[PDB]
Amino acid sequence: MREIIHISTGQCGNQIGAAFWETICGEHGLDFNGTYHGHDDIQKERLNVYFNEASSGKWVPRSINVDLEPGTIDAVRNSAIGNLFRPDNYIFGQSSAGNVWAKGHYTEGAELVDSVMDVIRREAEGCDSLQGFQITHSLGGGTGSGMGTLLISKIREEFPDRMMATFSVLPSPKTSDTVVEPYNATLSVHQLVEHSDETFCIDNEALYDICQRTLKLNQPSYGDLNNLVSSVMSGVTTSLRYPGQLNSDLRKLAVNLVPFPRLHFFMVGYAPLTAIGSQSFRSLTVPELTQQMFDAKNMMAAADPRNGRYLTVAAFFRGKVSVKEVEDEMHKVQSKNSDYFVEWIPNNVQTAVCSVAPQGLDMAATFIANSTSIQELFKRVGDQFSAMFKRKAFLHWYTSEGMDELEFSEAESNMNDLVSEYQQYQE
Amino acid sequence: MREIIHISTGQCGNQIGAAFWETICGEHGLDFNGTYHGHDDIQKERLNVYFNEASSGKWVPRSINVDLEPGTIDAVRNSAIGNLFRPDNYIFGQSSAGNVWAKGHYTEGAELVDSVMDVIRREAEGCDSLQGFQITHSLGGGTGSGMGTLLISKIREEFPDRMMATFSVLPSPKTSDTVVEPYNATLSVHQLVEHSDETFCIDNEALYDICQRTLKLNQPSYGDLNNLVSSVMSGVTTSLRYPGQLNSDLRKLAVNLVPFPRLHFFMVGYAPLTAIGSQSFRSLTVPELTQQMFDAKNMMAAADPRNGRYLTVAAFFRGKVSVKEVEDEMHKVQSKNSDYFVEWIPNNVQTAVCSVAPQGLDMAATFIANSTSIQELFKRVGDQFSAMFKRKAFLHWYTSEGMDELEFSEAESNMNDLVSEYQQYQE
Amino acid sequence: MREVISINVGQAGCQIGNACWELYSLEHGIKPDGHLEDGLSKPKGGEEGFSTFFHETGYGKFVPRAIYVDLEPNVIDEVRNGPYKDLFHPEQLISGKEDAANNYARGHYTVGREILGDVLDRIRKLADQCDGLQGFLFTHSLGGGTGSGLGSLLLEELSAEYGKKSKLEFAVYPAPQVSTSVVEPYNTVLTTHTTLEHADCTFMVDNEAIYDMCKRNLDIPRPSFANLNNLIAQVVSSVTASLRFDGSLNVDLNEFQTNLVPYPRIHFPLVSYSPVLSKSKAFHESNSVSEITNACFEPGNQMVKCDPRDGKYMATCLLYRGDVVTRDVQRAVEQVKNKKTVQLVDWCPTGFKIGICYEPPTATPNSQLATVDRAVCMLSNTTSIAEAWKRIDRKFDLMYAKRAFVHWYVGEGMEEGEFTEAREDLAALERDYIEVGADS
């Protein structure tokens, strides 16, 4: 019960999935021409999770990438490693979803998705130990928010016993690429909360801030950000695919980290956040990774942690680590950071140990937690709606297809309910 | 309880701290490429005071250098040994404090100092046996006097159990680089007396006099003066970092040398004061060092010792010394110099023994004492104020930001109180 | 009632202890690492003693039973990086890591007593390890605040836990001419009251007198602290003369407090060791015990900067090692009485405790003391140090006029009442010193 099928959709989702693919093929070791490079055994049975054995000792991915623009796959098969992708994995159409929610999946997005569901079924009986479903998409993007939720609907319909993992990128409330980006984001979360079991809060501006703070990056490139998020995504499952003291699974995240399926929003933090030029001057140890974990400028929600409080926090450690260091540092943080932990657990902690070291580093970890700071982003988006959308400007583009104000009022009620849940559970 | 964090600020403070760094790395032995040269054990556990173990057996300093002009660090990393400095230690901004007190820390100096306080905290939990705080700055300098006192305020706020050591350079009452240098000096000592536990009186003109008397130096260079003051600064802590008959600590200075926290001004004397061309003609012994200690032209206050009287004197000896020589010479000085000692201790003496010999010499010592000659400098500065500043010329530059005459009157009352304390304790 | 536990506090006390265990290894034939090398006698353990100071390991090793307590880790590191590592148990070396004073500012207060619990537990476990308990040996410096404070705290703690064992304290007193640090008189007198209320027998040693005899008797131009440690090491190890070696008339530890101390009153005897000569003066002197006793009566050999002949007589003990004759020593003491020495009291009225030991006197190779066939250790509770405490108290009055230190002393939690109580206690002690000889 380990195999994972990686679903990719949206403009940003394709890049994130591709970068995740190069990170995977580099962390376990596999050249693009079909040459075995695992060392020695544990890197062979665990690659069945993402790849399947083809003829002549060839390994090919089991991943359905879907997008209405076919220009991204050209920059995948001829670019860096995507040559393993079988031609049937390319499900693309013409020409775009319109960068909106009314045309994303309501009328035209429901045509080829039947074939998508059929190929998902055929991969399902082609798979033996299907475990989870990984989706990468954009919350405000037309394609990702458009058919992503409807794919979630089908994957719930056909698999009532399989949980769903979503990693949508949340647009910042201060950057507006288009006037209807938060509109599409909220029209997507209208069904995301009713169809998903857990999700991660990803903000590009937080990535820019961490690049200009620690990385000192001069050129704003989405490739480095994809590399970082893909390293985080690999790290959250290294515990499952590499045994340790306590292996962690997505269902274990649902049981422990999630307080109830209604509240499933998480902020992501990664460590170590070091760049070239500081590698010969730091000692990479568990305590340093810990102060980098609870540092207020290291998560990518991105909100303020010490102005609110946490509800439950988790640690997913990687590499050769002793049991005493991590628990001693956890005693230290529980002694000094006791005020911001909830007074009913009372020890907000979930630990997981990974054996192999991260690629390009020695010791690393990921941060998953629940705080009361996401309701601030929700009320910011709601206030943006209550300000801009009361004029009913450019709103006919969606009501032309049969949209009613009842759906928007229900979405506002949903975000009010989410805020109230974030206040139960007071800040 | 030994580790020391060296804080550096101001134009002169950066040079003094750098020179102290080369003197330290030469006295214990450490090449700039990361090569171990200690001999053998005692030079290894004692370097944890200033350096921390990095990866691959590398030692890096734990010192926060701050200055509003970024040109000094270029003459540090590319010049003589400063390459060990980690890039995060460089906290610099733009562009200057204005060489004044109104803009030093009152309005614009309080912006980046929050980040300075945060990095001090992170070094605090990064440190295990934090002992004291060393600061080098200029009393009349705009930057050093500007945010130096406010850094002292924070270091008192966050560490109520840690004493503070200050080594500000006191400008002479006869040299005026700028018309407001004593003004900034007094605006700094307005809070220095209320926030510091001990301080040293350093005058550059005394250094010039001792260079033209014994050194016969032809070129006036600040580097030699920095070397001398850094040798003195190393000598005052050789007792702590090298065991002897009586190890001395800064808290021991506070207990013994300081009569009460209000009076904490000390004059500094060093021995031997010998130059090239006299090394083959003198016998370097304890008695000769003693006559060089009480010599009226060897301290750097610089005032007249035999026209006033001492309140308490201390000796900090270094090198292979027998217990009998030092005590016999102390009997001699107490017999011949009994008139100038206070009649209530009555034996003004504090002794400390160091094991290792000073670098570049065989036997050396430092002089720390309390006399009634500092009130003369204070009244000289006060008379300079009462003469120049009654015209209110160029005084609007500070009152433009919200300065009141109440602060200046309170500073005058403070210096009157210091004089009265220096007369209790009569001269 | 078999074993004696020794505790050293302060750097000076640790150096003295190092020297004294070096000697103990020297005469009893233990190599600087132990086991063995090899065993000598017959009697050195077996038969008992040892064990008296060295634990008898079942494997055949010899382990000193001492506890090194100090807040300065440098001394513990110096002990652990030398040959002393094979003699002291790792748990007995209590290494401190907190340095805020040296040390009486915080030593005699709440800062020290959260560590004293572990020390008491360790010493209780060590006492349970051995069969019986006879007395305790203390080696601390009253100059260094660590010694004063921690030693006094241990004094009240172990007087409370048992209250029935002999308490021997070898306290190093500050030089009465000059003091190395100003706070040493406080470190001494603020614990003199605890010493008065919680001690059975205290020995006074002065570094100035040792340096004087090193300059004069040893002809050493630059005496070292190691020489002082070795000299007082022989002084301690000759007490402690018949407890480890056979003798015609052995002296018991309880006998000291039975004869020298007949009251609930003054119990602070002086000590003296003689002959004191160098390796070059051993080719001209073969004196008898009379001149050795005369040298003991000399002020320079009394380890106190005072005149012992100007005081009044008190019960004294004479311990003899090597080849001695009882008729000779009786003749010598009768001559001393004939010379009209210190005024004899009417309460004893004349008591000369004589101790004879078979073992020859021993000397340290690190010291310049020549081996002699006969030596005298003299113990007397003479009232001649009264002017010494009087001089210390005059210093106290002159530096208490301004009080000079009450700022910090009150700021940590004390007040001038304690200083006044110590002052009046010292005055009462001096008055008792005068009266005990004035009654006769």
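Taking chain A as a Gaussian network, where each spring joins two C-alpha atoms under 10 Å apart, which residue of A:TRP397, A:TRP21, A:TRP59 fluctuates the most?
Per the Cα network of chain A with a 10 Å cutoff, A:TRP397 tops the list.
What are the trypsin sites (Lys or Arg not before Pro) within the range C:45-91 that DSSP puts in a loop, where the Cβ has at most 16 other Cβ atoms within 10 Å?
C:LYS61
Would you mind computing, in nm to one decimal, how far apart the modelled labels at A:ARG77 and C:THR326 are, each placed 7 Å from Cα along Cα→Cβ?
12.0
What longest range of chain C stays clear of loop-exposed GluC sites (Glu not before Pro) (DSSP non-H/G/I/E/B, at most 14 other C-beta within 10 angstrom)?
Segment C:115-284 is the longest.
Springs between alpha-carbon pairs under 10 angstrom, Gaussian network model over chain B: which of B:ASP161, B:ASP417, B:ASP114 fluctuates most?
Comparing B:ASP161, B:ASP417, B:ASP114 in a Gaussian network model of chain B, the most mobile one is B:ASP161.
Taking Cα pairs under 8 Å and at least six residues apart, what relative contact order does chain A come out at, in percent?
On the way: 677 pairs, mean separation 66.9, N = 427.
Reported as a whole number, the value is 16 percent.
List, shortest first and in nm to one decimal, how far the label point of B:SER335 (7 Å from Cα along Cα→Cβ) is from its counterparts in the other copies.
In ascending order, 5.7 nm.
Place a point 7 Å from the Cα of C:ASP128 along the Cα-to-Cβ direction; which residues of the range C:1-30 have their backbone N under 15 Å from it?
none
Using the beta-carbon distance between C:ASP86 and C:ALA226 and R0 = 25 Å, what value does 1/(1 + (r/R0)^6) give for FRET efficiency, to the nearest 0.05? Spell out each step's value before the answer.
Details: r = 21 Å, r/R0 = 0.83.
That pair, C:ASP86 with C:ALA226, gives E of 0.75.
Between the DSSP loop rule and a limit of at most 12 other Cβ atoms within 10 Å, which GluC sites (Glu not before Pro) in the range B:56-143 are left? Present the calculation step by step, with values, prior to reporting the outcome.
Numbers: sites: B:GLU108, B:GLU111, B:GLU123, B:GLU125; in loops: B:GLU108, B:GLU111.
Here the GluC sites (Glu not before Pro) that fit, given the DSSP loop and packing criteria, are B:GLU111.
If neighbour count is taken as other Cβ atoms inside 10 Å, put C:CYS317, C:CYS296 in order from fewest to most.
Values: C:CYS317 22, C:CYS296 25.
Fewest-to-most ranking of C:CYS317, C:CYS296: C:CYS317, C:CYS296.
When the helix-only estimate is applied to chain B (DSSP H runs of n ≥ 4, each -39,500 (n - 2.57), divided by the residue count), what is the mean residue ellipticity at 222 nm, nearest 500 deg cm²/dmol?
-12000 deg cm²/dmol
Run the numbers on chain C and let me know its relative contact order in percent, using alpha-carbon pairs under 8 Å that are six or more apart.
Relative contact order comes out at 15 percent.
Loop only by DSSP, 15 or fewer other Cβ within 10 Å of the Cβ. Give me the trypsin sites (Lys or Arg not before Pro) in the range C:206-272 that pass, ordered by residue number.
C:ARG265
Taking the Cβ-Cβ separation of C:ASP118 and B:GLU45 as r and a Förster radius of 25 Å, what is the calculated FRET efficiency to the nearest 0.05?
0.55
Dipole magnitude of the protein assembly as shown about its Cα centre, charges +1 at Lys/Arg Cβ and -1 at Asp/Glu Cβ only, in debye to the nearest 20?
Details: 111 positive and 167 negative charges, 614 e Å.
Result for the protein assembly as shown is approximately 2940 debye, rounded to the nearest 20.
Along Cα→Cβ at 7 Å, what distances in nm separate the A:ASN48 label point from those on the other copies, shortest first?
With the label placed 7 Å along Cα→Cβ, A:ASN48 yields 5.0 nm.
Is any residue of the range A:332-351 close enough, with backbone N under 19 Å, to a label point placed 7 angstrom from the Cα of A:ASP304 along the Cα-Cβ axis, and if so, which?
Counting backbone N atoms under 19 Å from the label point, the list is A:339-341.
Mean residue ellipticity at 222 nm from the helices of chain C, using -39,500 (n - 2.57) per DSSP H segment of n ≥ 4 over the full residue count, to the nearest 500 deg cm²/dmol?
For chain C, the value works out to -12000 deg cm²/dmol.
What range in chain C is the longest one free of chymotrypsin sites (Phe, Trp or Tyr not before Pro) that are in a loop by DSSP and have at most 10 other Cβ atoms within 10 angstrom?
C:60-282
At 7 Å along the Cα-to-beta-carbon direction for both B:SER221 and B:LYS297, put a label point, then send me their distance in nm to one decimal.
Inter-label distance under the simple model: 2.4 nm.
Using the 10 angstrom Cβ neighbour count as an exposure proxy, how do C:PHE268, B:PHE20 rank, fewest first?
Fewest to most other Cβ atoms nearby, the residues stand as C:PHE268, B:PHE20.
To the nearest 0.05, how large is the calculated FRET efficiency for C:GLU197 and C:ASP346 if R₀ is 35 Å and r is the Cβ-Cβ distance?
0.75
Let a ≥ b ≥ c be the square roots of the eigenvalues of the Cα gyration tensor of chain A; is it rounded (a/c under 1.5), or, if not, prolate (a/b larger than b/c) or oblate? Numbers along the way, then the final one.
Working: a/c = 1.60, a/b = 1.08, b/c = 1.48.
The shape class here is oblate.
Provide an ascending nm list, one decimal, of label-point separations from B:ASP177 to the equivalent residue in each further copy; define each label point as 7 Å from Cα along Cα→Cβ.
5.4
What is the distance in Å between the Cα centres of the range A:243-297 and the range C:86-120?
With the range A:243-297 and the range C:86-120 each reduced to a Cα centre, they are spaced 40 Å.
Express in whole angstrom the spacing between the alpha-carbon centres of the range C:40-56 and the range C:330-348.
For the range C:40-56 versus the range C:330-348, the Cα centre distance is 38 Å.
GNM, chain C, Cα, under 10 Å: largest mean-square fluctuation among C:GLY417, C:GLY351, C:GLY143?
C:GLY417
What net charge do the residues around C:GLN343 carry, taking every other residue with its C-beta under 15 Å from that of C:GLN343, with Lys and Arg at +1 and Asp and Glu at -1?
Here the charged neighbours net out to 0.
Provide a whole-number value for the mean count of partner chain Cβ atoms within 10 Å of the Cβ atoms in peptide A:43-49.
The shielding value for this peptide is 0.
May I ask for the distance between the Cα centers of the range A:60-116 and the range B:27-51, given as a whole number of Å?
Taking the Cα centre of the range B:27-51 as reference, the centre of the range A:60-116 is 61 Å away.
Rule-based calculations on the coordinates, nothing more; no lab input. Cβ atoms come from the backbone with ideal geometry, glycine included; neighbour counts cover every protein chain shown.
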